Amino acid sequence: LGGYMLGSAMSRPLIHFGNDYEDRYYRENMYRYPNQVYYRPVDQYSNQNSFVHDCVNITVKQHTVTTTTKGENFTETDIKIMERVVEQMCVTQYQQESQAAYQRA
C-alpha cells in the first residue's frame, strides 16, 4: 500500500439493488465498508478487475478488518455490497485516474 494511493474517498457512487435489506445494507455499508479504495495511479496498466477489483481486495481489507471488526455483522451479503461499491468505484476511478492522467499529464 506504498504505491496504493487512496483512490478517492468518494461519497458513495449511488449503487442500489432495488432492494430493502441488501439495498439499505449497501446504503449504510458505505460507512461501515467505506466509500474509498486503495490503489496507485493507473491508466497504462490496461487491467480493470485485475487492478481495480484487486484495489478493493485491499480496501475491503484495510477497513473491514478494523472498521468492520469494531462490532459489525458482516455476512456474505455484507461483503458484496462493499466490494461491489468500492470495486466499481475503483473502476470509475480507473477511467477517472486514466483521464486524471489527462489532467496532470
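What you see of chain A is 124-228, where the numbers are those given in Swiss-Prot.
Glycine is treated like the rest: Cβ placed from N, Cα and C.
According to Swiss-Prot, the feature disulfide bond maps to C178-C213, an assignment based on experimental evidence. Residues annotated as N-linked glycosylation site in Swiss-Prot, with sequence analysis given as evidence: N180, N196.
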Subject >> Most Cβ neighbours inside 10 Å, all chains, among the disulfide-bonded residues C178, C213 >> reply: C213
Subject >> Surrounding CB atoms that lie within 10 Å of the CB of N196 (N-linked glycosylation site), all protein chains >> reply: 7
Subject >> Number of Cβ atoms other than its own within 10 Å, given for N180 (N-linked glycosylation site) >> reply: 15
Subject >> Secondary-structure category, per DSSP, in which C213 (disulfide bond) falls >> reply: helix
**OP:** Could you round the CA separation between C178 (disulfide bond) and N196 (N-linked glycosylation site) to a whole angstrom and send it over?
**Re:** 23
**OP:** To the nearest whole angstrom, state the Cα distance for the pair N196 (N-linked glycosylation site) and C213 (disulfide bond).
**Re:** 24
Original post:
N180 (N-linked glycosylation site) to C213 (disulfide bond): how many Å between their Cα atoms?
Top reply: 11
